[PDB]
2 protein chains.
Amino acid sequence: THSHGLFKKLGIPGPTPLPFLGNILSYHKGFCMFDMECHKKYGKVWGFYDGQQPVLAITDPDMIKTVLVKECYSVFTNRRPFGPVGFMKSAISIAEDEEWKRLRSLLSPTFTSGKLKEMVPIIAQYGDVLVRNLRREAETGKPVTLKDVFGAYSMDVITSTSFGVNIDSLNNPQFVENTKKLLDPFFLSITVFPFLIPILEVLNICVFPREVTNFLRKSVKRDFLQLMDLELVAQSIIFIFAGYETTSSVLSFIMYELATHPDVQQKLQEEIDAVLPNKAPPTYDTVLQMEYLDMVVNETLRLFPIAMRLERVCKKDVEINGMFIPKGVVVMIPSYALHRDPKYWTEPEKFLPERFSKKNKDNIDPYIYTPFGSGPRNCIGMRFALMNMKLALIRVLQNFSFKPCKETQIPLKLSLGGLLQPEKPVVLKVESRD
Amino acid sequence: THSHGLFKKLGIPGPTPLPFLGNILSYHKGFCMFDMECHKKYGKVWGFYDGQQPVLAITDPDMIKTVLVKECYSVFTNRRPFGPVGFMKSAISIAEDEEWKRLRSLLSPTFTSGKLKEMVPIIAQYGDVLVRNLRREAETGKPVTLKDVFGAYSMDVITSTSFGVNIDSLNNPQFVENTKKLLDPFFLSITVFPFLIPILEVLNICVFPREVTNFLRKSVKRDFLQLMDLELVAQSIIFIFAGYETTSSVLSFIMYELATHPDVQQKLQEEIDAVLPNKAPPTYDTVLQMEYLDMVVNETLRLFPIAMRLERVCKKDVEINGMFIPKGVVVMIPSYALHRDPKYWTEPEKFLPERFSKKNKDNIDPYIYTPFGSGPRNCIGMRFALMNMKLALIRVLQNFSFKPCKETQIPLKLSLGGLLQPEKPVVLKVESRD
Ligand code: HEM
Ligand code: HEM
């Protein structure tokens with residue numbers, strides 16, 4: 001409660017904080033809705049408090065660019081300090097200043113266009129497993145829970161790309177467990193009581209069950225791995241989360257959009273049959289040829305950017321684009337709110353892949369649309385992820401069409417907790433094109 | 001208990017730590033004796049743990065110089081992080097990296113030879129008050145408790161030099177209280193439980209009774225003050241501690257040595273009567289003329305360096321003079337042990353002012369003898385303090401001689417707690433020279 005006057009003092013509007021809690025009660029509508037309501041009432045810049053942590057929200061593209069790009073190494077180097085992290089402090093997305101640079105450099109080649117082309121033949125093999133497992137639930141006629149099949153796929157791909165362990169997760173429900181081993185109760189407390197984090201740290205009770213962590217090095221025998229003692233595995237733990245949840249979630253969002261916009265699904269499928277003809281197998285070169293696929297993926301990432309917020313800690317008193325940022329304030333770029341802002345988007349709530357057509361993509365600001373972040377600390381896996389999703393999308397759409405059920409939640413609702421994911425799992429009728 | 005193998009791993013000998021406690025139980029003989037025993041058994045370099053804080057002790061002059069002087073701004077910038085500090089974080093002796101530099105620069109002029117000469121007439125006036133208050137207890141014939149009279153003097157000088165408030169503390173026992181408002185119970189706990197410091201911080205219960213702290217700004221009306229909102233007073237809080245305790249303590253040590261070495265007391269007094277004749281008043285120029293006075297003060301500071309230890313935190317993994325210092329280890333220079341080391345001192349336990357005679361002072365290593373520290377972060381008040389003590393010594397010795405009582409503790413013993421001070425207060429017969 002020592003900072004609660006900070007935004008008053010700076011002239012920065014925002015919701016009035018409560019002692020100890022700050023504004024965290026406002027989150028009862030979800031992170032994303034809080035951000036949108038705040039943008040609506042307060043304007044371009046506002047401040048609020050996560051417990052006692054002042055957070056400054058910025059929506060001006062120039063200032064976003066200054067924060068993510070220009071003044072990154074100097075001022076905005078790290079994300080918000082989190083609670084019990086333990087050895088996971090060595091994670092590339094957790095490391096701060098030095099060590100990060102090291103990890104980042106030590107890993108940037110592992111995500112070069114070169115390795116991806118080398119991995120495209122590999123991950124394509126789980127597309128077929130996916131098609132067959134799809135054709136199984138399809139022939140039954142019963143609705144399909146996309147998260148389950150896509151999850152199995154995503155898990156299959158990340159395990160092979162990161163270790164070479166080739167498994168059929170959906171058909172081998174038993175590495176499968178260990179990874180599958182995965183709301184906001186203690187977390188809230190850790191926010192209001194950040195002073196208990198060091199206690200939690202010394203008890204060796206990090207957030208993860210750190211018993212599969214032994215399993216990982218116990219399974220690190222001596223792909224992402226061959227492209228390289230305990231910190232080594234800490235990076236791969238981050239890769240699995242990315243490769244599994246975010247990928248499968250985004251895949252479910254896209255299929256939801258495709259099933260609810262048949263014309264879009266048909267056009268995409270026409271693009272996939274023009275390219276890649278006769279259910280031909282997708283390659284690295286072929287994917288980068290499919291323009292409408294890129295627009296569909298991009299639109300969906302506009303509607304549903306699974307990171308929701310971009311965040312950087314101000315390391316020193318600075319003044320950027322005419323406003324003073326005191327040391328220690330977290331600067332938040334509310335990507336979700338920005339993706340749905342009518343200032344930058346006509347009918348922001350409408351799915352409209354044409355926004356991203358070669359004509360219209362120009363009039364789109366790269367600091368307003370930030371599905372993968374920006375500047376030095378952006379998503380190192382963006383290319384890998386897009387390819388992985390596109391490859392999935394192509395093979396599935398080469399063989400199946402997707403339709404709403406009685407069971408499908410329309411309009412989809414977002415989950416109320418702290419992850420960008422559907423309220424109800426996406427469930428769709430799947431019909432074979434043959 | 002996560003670092004307890006660190007010195008094993010580095011090849012660095014030391015006392016075996018205990019989980020959670022480290023080696024703090026070894027302190028039962030006092031900081032200083034622990035350091036001496038360790039130096040005796042382990043050699044030039046050893047390591048130990050204050051709870052979980054690894055501390056590396058170095059005794060090689062070259063490496064000390066590298067730590068205090070060469071690699072200060074780069075590696076060894078700050079002292080050990082302490083427990084609940086609160087606003088007192090703004091203190092020059094607590095501030096770290098930046099802010100320190102600022103304070104240090106913002107205060108270095110306040111301790112220039114120039115202001116001291118301006119303050120010498122001022123502080124000389126409390127020498128006379130001291131003489132008279134001395135002549136009072138003297139005429140009674142009863143033994144004198146040097147800490148009480150010297151304390152009143154030290155308090156009188158620091159209050160006038162830092163604010164201009166001229167008071168007769170000994171004769172006005174009622175600012176007097178507020179400052180006078182001044183063992184190791186919770187402290188030990190805070191060492192073994194550093195994880196509770198942030199708790200203690202958020203409760204606004206800093207170590208000081210922070211009610212006289214209001215009094216200070218309530219008495220900061222708008223000397224050290226005129227040579228210049230809340231941090232301003234935080235520096236003056238540090239000045240009072242220095243001006244009061246350390247000065248009065250060192251004065252008591254010196255008088256103890258003088259009373260126990262009559263020949264030394266007589267020689268000094270001959271030097272004061274040769275200079276400054278006929279109980280003439282001491283001036284800035286006169287003081288710097290008295291060579292034997294400088295040797296007596298210096299010898300006593302060898303025997304009793306009230307800081308006992310010098311300490312710097314290693315900010316980054318470095319390798320100095322052929323040994324690797326991991327980040328976060330406190331590097332400790334055990335001044336007390338070094339001042340009493342037979343490698344550098346003949347008969348180190350003997351009081352021998354001649355060690356510091358113009359002939360012998362040359363063969364004395366400035367990194368072995370560090371009563372005021374060294375390099376950028378040394379005692380900013382060294383000159384002020386020496387002048388203050390010397391002025392006191394001169395006026396007192398111009399009028400009185402000092403002798404042991406039945407009541408005097410001979411040989412003096414050092415207090416067992418964490419301050420360098422006598423076990424029993426020094427008590428001496430005081431006889432008037434007239
Ligand atoms: C649809 C899939 C994904 C999306 C939308 C996504 C989005 C993001 C975003 C918005 C950030 C933060 C950027 C910033 O701070 O400016 C990020 C960071 C990161 N992502 Fe992804 N991501 C995805 C998948 C992946 C994948 C597949 C990988 C690796 C295999 C990955 C690895 C990382 C890493 C390591 C970081 C932290 C970068 C750093 O700390 O320097 N992500 N991602
Ligand atoms: C006999 C009297 C004194 C002795 C023996 C003494 C000794 C020391 C020592 C050993 C240090 C640490 C040096 C290092 O870290 O290398 C120190 C620091 C310091 N002393 Fe003194 N001191 C005395 C009196 C004073 C006085 C009278 C003042 C001011 C009026 C003062 C102000 C300071 C300050 C501000 C620091 C911290 C410097 C910094 O953080 O940059 N001291 N002193």
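Order of the sequence lines fixes the chain letters, A, B, ..., with proteins taken first and strands second; residue numbering starts at 1 for each chain.
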* To do: Would you indicate whether B/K315, at its atom NZ, is surrounded by more than 12 heavy atoms from other residues, nucleotides or ligands within a distance under 6.0 Å?
  => yes
* Identify which part of A/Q52 has an atom lying under 4.5 Å from any heavy atom of chain B, answering side chain, backbone, both or neither. => side chain
* Asked: Crowded around A/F186 CZ? As in, over 12 foreign heavy atoms under 6.0 Å?
  -> yes
* Within a strict 4.5 Å, meaning less than it, do heavy atoms of the B/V202 and A/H2 side chains meet? -> no
* Near B/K29 NZ, under 6.0 Å, is it more than 12 heavy atoms from other residues, nucleotides or ligands? -> no
* Asked: To the nearest 0.5 Å, how far apart are CZ in A/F193 and CD1 in B/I199?
  -> 10.0 Å
* **Residue B/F215 excluded, over 12 heavy atoms near CZ under 6.0 Å** => yes
